């Protein structure tokens, strides 16, 4: 398309009449120095850039109004994320945050927040943004804790709560007649809640959880990982649910391989399509991996858009523009050789979640400003208060591309899951079914069993 030609080379900051805050895990600690590039995170940030450039190109969506944003790195670290979250709340005209008892008439610099990705990070800023009644739409944080509007008053997400994913997992386990399982989680909000939710549902459906353990994310995780694997071996479970963030999952499966364990592994959406796990030497020996990921559209314009953008960035790269809080210092050297960032499977299959969060806000604004296709009831003197936009997002319905998105009273989307399996031979993911509403629908015949005789394991 043509409007690709007039896109700005600014990744993390775009000027606009109305602005969104973005929080992405762009650079993280290796194991406060945030020096390790998170390619999935940087990739997701680019989706937001794409969505906003596209919204501005669309002549009929916010006709008179230009949408812009500021995107900051979270480092998935509470000290790092607090500062941008407060920056979003500064007086639009001032650059500073007033101390007040009443913010009803207070015009924040941003009108809504996109992100953060992780549940731990939502627990850091969610109540702060909730006090301001500033709409927050996460493209990634799945913890069921955020499903209570009395606790998280302005939180939405374009991915389903994990209370539904564990229900999908328990239904698969029942369908295959497995009744003796272990469950492993990372020792933080996502994994902790996932393990607890799973254990409760498994019991409700008469599945005996043999063992249950958590992988440390701060202290050296190998001792606990050994304890965990020892229990798995003594209980003799052949099915283990791993409800874990990637880095603990990597550490866990490193040890799984060393001890030459084999079985069925059920992946939560956080590592189910992770190249970090799937590229570990001898991972293909651990057996059968069945995963659950968010059911998403593919954005076929994301890759083409990103080629053009990375071209324009190469062109402008002799220019200089210095920042202690640069989300990504090394991104100045992006050439078309880095489009791989958005071609990556983990990004392609989750991109729509970011894109849907940005568009939800844009359509909500379009409605707030009493817009039609020609003009918006807006001018340079219009005052936008996040609490008014929030009023519009409550129980919002909107069509985005081919998806009919509906938010319930909890801020939860009517979005389900795809069930996939890792096919070791050609480093791929095959579709073995879906989960929609409360209905698991799998085709047993489509499953491949990496067992001695290729038959489905155990009973």
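Numbering follows the first chain given and starts at 1.
**Q** Note how many residues of the deposited chain are left out of the model between residue 31 and residue 32; the options are none, 1 to 3, 4 to 9, and 10 or more.
**A** Per the record, 10 or more deposited residues are absent between residue 31 and residue 32.
**Q** When the C-alpha temperature factors are averaged for each of 397 to 405 and 66 to 74, which stretch ends up with the higher value in the entry?
**A** It is 397 to 405 that shows the higher mean C-alpha B-factor.
**Q** Averaging C-alpha B-factors over each stretch, which comes out higher, 335 to 343 or 385 to 393?
**A** Per the PDB entry, the higher value belongs to 335 to 343.
**Q** According to the deposited entry, which of 120, 284, 144, 294 has the largest Cα B-factor?
**A** Of 120, 284, 144, 294, 284 has the highest C-alpha B-factor.
**Q** Of 419, 415, 47, 57, which one's C-alpha B factor is largest in the deposited record?
**A** Reading the PDB entry, the winner on C-alpha B-factor is 57.
**Q** For residue 440, does the deposited CA B-factor place it in the lowest, middle or highest third of the chain?
**A** CA B-factor rank for residue 440: middle third.
**Q** Going by the recorded CA B-factors, say which third of the chain residue 20 sits in, lowest, middle or highest.
**A** Its C-alpha B-factor belongs to the lowest third of this chain's values.
**Q** Quick check on the deposited entry: does the C-alpha B-factor of residue 244 sit in the lowest, middle or highest third of its chain?
**A** Within its chain, residue 244 is a lowest-third residue by C-alpha B-factor, going by the deposited values.
**Q** Check where residue 162 lands among this chain's C-alpha B-factors and tell me if it's the lowest, middle or highest third.
**A** Lowest third of the chain for residue 162's C-alpha B-factor.
**Q** Sort the modelled residues of this chain by their C-alpha B factor and say whether residue 360 lands in the lowest, middle or highest third.
**A** As the PDB entry reports it, the C-alpha B-factor of residue 360 lands in the lowest third of its chain.
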